[PDB]
Structure formats: C-alpha cells, structure tokens
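Protein chains in written order, with the working numbering: chain A, 167 to 264; chain B, 535 to 1066; chain C, 141 to 263. Don't be surprised by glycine CBs; every beta carbon is placed ideally from N, CA and C. All remarks here apply to the structure that follows.
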Amino acid sequence: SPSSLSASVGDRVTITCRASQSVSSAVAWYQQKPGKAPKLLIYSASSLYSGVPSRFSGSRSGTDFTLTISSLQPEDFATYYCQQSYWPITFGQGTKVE
Amino acid sequence: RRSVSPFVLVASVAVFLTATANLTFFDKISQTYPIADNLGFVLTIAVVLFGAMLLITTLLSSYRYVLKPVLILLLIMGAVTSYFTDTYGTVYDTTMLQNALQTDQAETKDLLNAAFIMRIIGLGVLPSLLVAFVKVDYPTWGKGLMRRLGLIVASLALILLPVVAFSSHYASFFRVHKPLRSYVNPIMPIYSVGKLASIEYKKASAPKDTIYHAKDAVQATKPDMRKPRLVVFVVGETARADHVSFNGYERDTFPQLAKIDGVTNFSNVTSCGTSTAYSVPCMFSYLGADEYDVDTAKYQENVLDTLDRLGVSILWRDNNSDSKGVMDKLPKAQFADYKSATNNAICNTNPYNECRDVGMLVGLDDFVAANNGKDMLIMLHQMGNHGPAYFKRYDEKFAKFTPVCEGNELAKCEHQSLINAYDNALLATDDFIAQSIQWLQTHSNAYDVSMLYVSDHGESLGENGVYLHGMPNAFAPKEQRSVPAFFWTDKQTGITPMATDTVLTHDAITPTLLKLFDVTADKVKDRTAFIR
Amino acid sequence: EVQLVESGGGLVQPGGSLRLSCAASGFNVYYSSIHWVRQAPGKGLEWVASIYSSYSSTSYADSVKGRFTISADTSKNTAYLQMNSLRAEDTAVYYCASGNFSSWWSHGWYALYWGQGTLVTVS
Ligand SMILES: CCCCCCCCCCCCCC(=O)O[C@H](CCCCCCCCCCC)CC(=O)O[C@@H]1[C@@H](NC(=O)C[C@@H](CCCCCCCCCCC)OC(=O)CCCCCCCCCCC)[C@H](OC[C@H]2O[C@H](OP(=O)(O)O)[C@H](NC(=O)C[C@H](O)CCCCCCCCCCC)[C@@H](OC(=O)C[C@H](O)CCCCCCCCCCC)[C@@H]2O)O[C@H](CO[C@]2(C(=O)O)C[C@@H](O[C@]3(C(=O)O)C[C@@H](O)[C@@H](O)[C@@H]([C@H](O)CO)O3)[C@@H](O)[C@@H]([C@H](O)CO)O2)[C@H]1OP(=O)(O)O
Ligand SMILES: CCCCCCCC/C=C\CCCCCCCC(=O)OC[C@H](COP(=O)(O)OCCN)OC(=O)CCCCCCC/C=C\CCCCCCCC
C-alpha cells in the first residue's frame, strides 16, 4: 500500500526505510513515475547513477537508510521505494510527494 | 643458460598457469562482468588468482630436490584439466574425479584425439621440457627458507589485499557467483583430489554392514495363485527428455513406439544426477534425491536386494560400464556383462567393432525357462547416446539423418551435424526398446509382462558452451537432468500408469519396481510412482 | 542498448495459467541477473522471482512460491515465468529487470532497467 509521507515539496526531503538485513551494499532506490517504469536513481545506498546532477544524494545511519534531495523539484513528484537485499529482494511501502 | 633461482622458476610457472590454464574462467569473468565497466574488479581478480597460484606452487614445492618433478606434475595436470574445461566446458568436482577413476580404456580412447594430443604437447609437455632442461642452484637452507617465506607472504598479500580493498565486491562474488570458483585450474583439481581422498578414507573406515530400510517389505501375493510377472527395466544412458517425439520434437526419433499400443511417456522426469555413477545408485536407493549420498550408496539397502530376498530372482545384463555398485550384494552369477564378444553374440556389424544392445536379448529365453514359475526382473543396461562418439552407437540401417559428425571433436562439427548423430543414436535406442517390447509380447500367454525405461542423465550439445555431461548436481544445466521415460505393459495385467503430465523424478523408480510385484514398504510407500 | 520488453498479458481465469517473455535485444548478453517484479493496482512494488540463467539458481517470495516456475531460453535471449493456479490477488503489472556493472569501488547488482509492463488480469 502506498503512503504520502513527505507531501511537502519545495525543500529537502528525507524518507526512511528499515532494513531487517543490514546488507548496506544491496540497498537502492527507485523513482516510479505514475504510469511509467521505475528509474534507478541512487544505488548501493551511497553512490549515484547517471541521470541526475547530485540532486538525490542518499546516505546511511546505522541500520536505517534515508534519501535526501537537495534542490527544488519542479519535475519529479513520483514514488520512491527502498530495496533491501538482492537474494531474495524485498521492497518497502513506497512514498509520495505533493 | 645461467643458473636460475628456484623461486623465479616457481613464479614463472604460476604466471604461465594463470595465463594459459584459466582461459575458460577468464572468459566467464570477462563475459559476466564487462571489462569496460568493471576494470578494477577484473584486475583484482587476476591479481588474486595469480597470488593463489603462486601460493599453491610454493607450498607443494617447498623442498629443493622435488622442485622439478612437482613442477612437471603441476604443468601436466593443469594442461590436461584445462583442455577439457575449455573444449567441453566441464568442471572438476569429487563426483567428476570419481567418474574419471571408474573408467575403462575403451571409453577413454574416444576422448583421445589429435587436437588434445597437440594441445598437451604444446602446453604441458613443451613447458615441461623447458623446466626440466634448465639449471637450478639451491642456496643454503637459511636463505632458501627466508626467500620461501618472502614468497609466501607476497602471495598472501596478493590474495588478501585485493579482497580487503574490494570487500563488498568480493563478498558478493563469493556469495552469489560460487560456480566460477570451480572453473579455475589446477587449484580446483587439487581441492577435488583432497576431498576425494578424505571421502575414500571415510569409506574405508566405514563398517561393512547393511543399513536396512525395508525390513517390513512383504509380498502381497506369491507367484503361485497368480500369473507370474516379468519386468524388463531398461536402464538408459544419455538421452534428453525434449528430444523424443512424444514430448515435442520436429523430427521423428521414436517412430517404432508410436505403432506399439500401450506405451505411455511422461513429459517431466528429472534424474538424480548428471553422471551415471552418481545416478544409477540413486535410482534404486530407498532414499530420495535430497537424502541420497553416493559415498554410502553401496552400503545402504537397495530395492534390488529387497526383490532378491523376497523371492524374485533378478538378472542384470550390463552393456555400458559396470553396475556402479548396485549389483554387489547379489551373487556374481546374476550380473553378466555384455561389453565383450565373449558374451555378446551380436557384434562386428559395424566397422567400429562395437557390441550393440540388441544382442543382449539373445539368450533370455534360457533364463526364462530356468526360472519357469517365479517372478523375474530382467534389467538391461544401455550404451545409449554415450559420447563423445554419438556416431558409433548405431548401425548404418539407422543412418537416416544426413550429414553426421564423424569427427572426434564436438567443437568443430556444426550443431546440426551433431544433432543428426545424436538423433540417430536415439533411433537405435528406440529400435532396441521396440525389440524388447516385442520380446515381452511374445511371452504374454504365460506372464504379465511390463517394461520401464528411464535415462540416468541428459546431455549438453552446445548451449552456453557446455558439450558433455558431468556438471555438479548443484548448478548443472536443465538439459543434463531432463530424461525420457517410457512405460509399456500388457492390456490384461491391470497395471494403470499415471498421467503423462505428472511431475516425477528419479525417486519414483523404487516405488514403481515395488508396486510392480505388489510389495508395500513404509520407507517408500508415500512416494509418487510411475504406476498406480 | 537494453530493450527488455514484456509480452504475454491478457485475460485469464482463476486456476488458469500464463507464460510471459522478456530480455529482447542484446543488452548484457542475457545470462545472469534479470528478475521479475510485479505491482498490484495502486500498490507498492513486490518482488516475485529472480532467475540466474547459467547456474540454474532461482528464488521466490513465499507468497508466489509453489505455483511459479521460471524457465530460460538463452538461445533466443528470453526469460519465461510460468504461472499456475492463479487467484484474485495475482492481478498486477509485471516487469523484468536485470542487474550488472559496478564501475569502481561502487558495487551494484540492482534491478536497474525495466519494461513497459504487461497487465495480467484475473477474473
Ligand atoms: C591452504 C590455505 C587455504 C586458505 C583458505 C582461505 C579461506 C578462509 C575461509 C574463511 C571462512 C570464513 C566464513 C565467513 O566468514 O563467512 C563467509 C564470508 C565470505 C568472505 C570469504 C572469506 C575471505 C577470503 C578471501 C581470501 C581468499 C580469496 C560467507 C560464505 O563464505 O558463505 C557461506 C558458506 N561458507 C563457506 O563456504 C566457507 C569457505 C569460505 C568461502 C570463500 C573461500 C574463497 C576461496 C579461497 C581461495 C584461497 C586461495 C587458495 O571456507 C572454505 O572452506 C573454503 C576453503 C578454500 C581453500 C581451498 C584451497 C584449494 C587448494 C587446497 C590446497 C591446500 C557456506 O556454504 C556452504 C558450502 O558451500 C560450499 O560447498 P560445496 O563444496 O561447493 O558444495 C563450500 N565449498 C568450498 O568453499 C570449496 C571451494 O569453493 C572450492 C575450491 C576453490 C579453490 C579456490 C579457487 C581459487 C580461485 C579464486 C578466485 C578469486 C563449503 O565450504 C566448506 O566447508 C569446505 C570445507 O573446507 C571442506 C574441507 C574438506 C577437506 C578437503 C581439503 C583438501 C585439501 C587437500 C590439499 C591437497 C561450504 O560448506 O554456508 C553458507 C551458504 O550455504 C547454505 C546456507 O546456509 O545458506 C547451505 C546450503 O543450503 C542447503 C543446506 O544444506 O542447508 C543445501 C540443501 O540442503 C538445500 O535444501 C538448501 C535449501 O534449503 C534449499 O531448499 O539448504 C548450501 O547449499 C548453500 C546453497 O547456496 C543454498 O542453496 O546455502 C554461507 O553463509 P552466508 O553466505 O554468509 O549466509
Ligand atoms: C597419456 C595422455 C594423457 C597425459 C596426461 C596424464 C594424466 C591423465 C591421464 C588420463 C586422462 C584421460 C581421461 C580419462 C577420463 C575417462 C572418464 C570420462 O571422461 O568419462 C566419464 C564420464 C562418462 O559418463 P559415465 O557413464 O558416468 O562414465 C563412466 C564410465 N566411463 O564423462 C564425463 O564425465 C565427461 C568427461 C568430459 C571430459 C573430461 C575428461 C576426464 C577428466 C580429465 C582427466 C582426468 C583427470 C586429470 C587429472 C585431474 C587431477 C588429478
């Protein structure tokens, strides 16, 4: 089930996912537009994938991994999912911005 | 030609082995992880591989007077393993070496070919002569030991430092990509040799008793108040479940079974393993594929021992290699091999001078007469589609798919030319099965005949580079485990087979054999069987 | 480039069957990685299975275990997910996503590219 946690827009946002397994090297986030396939933005919980000028930075804090967007978002407004572990794979509950 | 230190020769041997003997592993690494996007990981992989090779060479060449023989042995072993891991895409595990040590010279001769001889001469014999024909001086024990540790610490550093610098990458590699660790030579052969030696020691230390499993197995009705039964269980060598006509195939490789009424073929049968020595005991053991252990297969009670004890006389007519440890607790007079012309009366019908399978039906009437009145289980072993010589398992009468791959190397013949020979050998197997069915039918007036066929493993014919069976049970391709299964019985015996779409494995053989003679054993009763 | 596209949607009845396809174009060959992720209408993504065609290693997500079975045709560069005994909850949009490439000191192995998705409606 989806959840509109931040729902702020126009400032930095922070969305957290709880990783039951640490696996800090197998945590990634996805930007699913409302009708299209999800993107890959931010992988390994600390690195960046091509397609964004460091807007989404991402970081880690103990067992909890969070997403940070620095600049304003005139284009975005999609849903983000935390992804814990690679074998097997579990996704989070999702987030929405407005 | 100045005297070279032993350590530089050891380093050169390690470099040569990591360069030439790991072609398949390097190709797999460069194809799974592209060199254009994983430069650091592949470089560290090469460095750690060289470090492991150097460590192995330094540890087994610690002494001075054995340096050269050990180097010669390592070079020859590496070349001989690398040829087979390259052309045929096979790995070396404990089961693979067990198969290697249970071979006969006739089978080995087919693998021998000019290209293999040239490759060893070039890779493990020419370097052998280069190493053996140079002068080496051994310094004092103190400086020699100092340089030996220096090399040991250098190899350990080259192994560990890339691991630490690439901790996450190597953790993922060792967690997910385990099978590539089996493609490296000659380290994997050494580990397999050690594991096999440990297994052999445990087997020798093991007792010589029988661990019973069917003590409660009792025959429902004896062969005095009913028509005695007679089952010809045709153990099959290499065959693929998707290459038979019934389960879908463009060509017609089984035409002689379509005209025989009562033949039922199950579309999904997965064998116990990818090798005959690992699969044949698993067919007849009361333990399923999840519990069966090859190391103790012969010590455990098999369905054959139960059938013989209950009063059903059994016969085995070997054709491929050996009973593989299943026909051992029964008298030697019952196991009669048919590999040589001393027993097989139908031979020399081909230029290859091979003894076929149809000759194994010459003389069964004598055994039937000698066992007139009691149940019999005349089990027949097949040569099947045994490679790498598919063109030698059939007569010219079945030379129907042209052209055929007459060459001794699979990598040179085109895929279609190999498919044709494989399907021709399948046609020969079809003819043997049909003749067995007719021989069963000619005894219908005095026995309740039945026939069951199942192959021990599948085959690889070029998919993803694999070309022969022998891959480990953990990650073998599905083509090495999909086997055909046929069951035919007379329409009056009242034996109702399962549906053709039922999902069965090699664990269904023992319950079927027990159900054929109406034997119920609680160890295996709650298992799916080929018949109701 | 990568052009993973999906096919084999359409209407199915409960207790029926279906069989999808993926892995078009060359991309990173075909073998290794490539997964299956589904999305119920108005719900978050849920992982289904992960084929590793080469080593015959697969996985399932419990709720989709015992009915799903993944095949792999490397010759044609296409992955198949066989579905049996569907129920009402099985309706969703299904994607397939590979994973590869680590650059330097960065790792990877994530479900990176996807497809347009094929609707699988049960009724
Ligand atoms: C001479 C000096 C040598 C120095 C050695 C240095 C290494 C030090 C080791 C430290 C260990 C730290 C552990 C840790 O800190 O953690 C680890 C951390 C990972 C970091 C790695 C450490 C960093 C090292 C970096 C430096 C080196 C690179 C996590 C992990 O490693 O993963 C864990 C694994 N741990 C290891 O492997 C230790 C393993 C470490 C592994 C890494 C080693 C890398 C190679 C080192 C090379 C060094 C150069 C030489 O150490 C070993 O011994 C390996 C020794 C190799 C040296 C031999 C050299 C050869 C020449 C010898 C000459 C003298 C382990 O897997 C289990 C087995 O895997 C293989 O078995 P196989 O044989 O393949 O079948 C291993 N076979 C090997 O390794 C051998 C090796 O590969 C081949 C040789 C390679 C040679 C090197 C090539 C060089 C190329 C390199 C290229 C880079 C075997 O190892 C053993 O025991 C072997 C034992 O010695 C026997 C010894 C017998 C004696 C004979 C010796 C002969 C000597 C004679 C000589 C003449 C091990 O027991 O358990 C789970 C997963 O398993 C489960 C699970 O629990 O989930 C269980 C099971 O599932 C079941 C179940 O049964 O339960 C099955 C069913 O029933 C089913 O039902 C399911 C389920 O239910 C489904 O229905 O369940 C299983 O099937 C699996 C499946 O995948 C799931 O499907 O899942 C993992 O936990 P997890 O992932 O963390 O969660
Ligand atoms: C003198 C020239 C050679 C110089 C080098 C000397 C060292 C090696 C000398 C002998 C090596 C010759 C290879 C003989 C292997 C024969 C067995 C074989 O490949 O077939 C097994 C089996 C057949 O299936 P089953 O029905 O179970 O067979 C059982 C009855 N045959 O086939 C396979 O598993 C596929 C084989 C693919 C090719 C691999 C060949 C065997 C492995 C390499 C050689 C043996 C190990 C070499 C040293 C390893 C480390 C000590």
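By the rule that beta-carbons nearer than 9 Å mark a contact, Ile235(A) does not touch chain C. Between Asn719(B) and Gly612(B) the beta-carbon gap is near 5 Å, inside 8 Å, which marks them as a contact. Look at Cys816(B) here: in three-state DSSP terms it is helix. In the DSSP annotation of this structure, the continuous segment of the alpha helix (DSSP H) that includes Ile724(B) starts and ends at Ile721 to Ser739. Contact of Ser210(A) with chain B is assigned, a C-beta pair being separated by under 9 Å.
Relative to the non-hydrogen atoms of ligand 1, the Cβ of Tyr220(C) never comes closer than 8 Å to any of them.
Annotation for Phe584(B): the continuous alpha helix (DSSP H) segment containing it runs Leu573 to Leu594.
Counting along the chain, the unbroken beta strand (DSSP E) around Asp982(B) starts and ends at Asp982 to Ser989. Collapsing the DSSP output to three states places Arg536(B) in coil. Under DSSP, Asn836(B) shares a beta bridge with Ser819(B). At a cut-off of 9 Å between C-beta atoms, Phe1009(B) counts as an interface residue with respect to chain C. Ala192(A) belongs to the set of residues whose beta carbon lies under 9 Å from a beta carbon in chain B. Only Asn168, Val169, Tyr171 and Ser172 from the stretch 155-188 of chain C bring a Cβ to less than 9 Å from some Cβ of chain B. One alpha carbon belongs to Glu948(B), the other to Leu1002(B), and they sit about 15 Å apart. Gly239(C) has a beta carbon lying within less than 9 Å of a beta carbon in chain A. Using a CB distance cut-off of 9 Å, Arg709(B) counts as an interface residue toward chain A. Membership of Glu186(C) in any alpha helix (DSSP H) is not indicated; the residue belongs instead to the beta strand (DSSP E) covering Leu185 to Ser190.
From the beta-carbon of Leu573(B), the residues of chain C found nearer than 8 Å are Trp244.
At a cut-off of 9 Å between beta-carbon atoms, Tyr235(C) makes no contact with chain B.
For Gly228(A), the nearest beta carbon of chain C is not closer than 9 Å to its own beta carbon.
For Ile181(A), the uninterrupted beta strand (DSSP E) segment begins and ends at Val179 to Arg184. By the beta-carbon neighbour count (other beta carbons within 10 angstroms, threshold 16), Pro1031(B) is buried. Annotation: the continuous alpha helix (DSSP H) that includes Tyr956(B) extends over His949 to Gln975. Boundaries cannot be given for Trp245(C), as no beta strand (DSSP E) includes it and DSSP labels it neither H nor E. For the C-beta of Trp195(A), not a single chain B residue is nearer than 7 Å; the gap to the nearest is close to 18 Å. If you draw a straight line from the Cα of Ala945(B) to the Cα of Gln868(B), it comes to about 41 Å.
What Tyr250(C) touches in chain B, judged by beta-carbon distance under 8 Å, is nothing: the nearest beta carbon there is about 11 Å away. Ligand 1 never approaches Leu573(B) closely enough for any of its heavy atoms to be under 8 Å from the residue's Cβ. Bridge partners of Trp254(C) according to DSSP: none are assigned. A Cβ of chain B is located within less than 9 Å of the beta carbon of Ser215(C). A contact is defined here as three or more CB-CB pairs under 8 Å, and the stretch 240-251 of chain A meets this definition with respect to the stretch 189-203 of chain A. The closest heavy atom of ligand 2 lies less than 8 Å from the beta carbon of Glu641(B). Secondary structure note for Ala228(C): it is in no beta strand (DSSP E), with a DSSP letter that is neither H nor E. Across the structure, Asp871(B) and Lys1057(B) are spaced so that their CA atoms are roughly 31 Å apart.
For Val727(B) and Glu993(B), the gap between their C-alpha atoms comes out near 25 Å. Between the alpha carbons of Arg890(B) and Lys926(B) lies a distance of about 10 Å.
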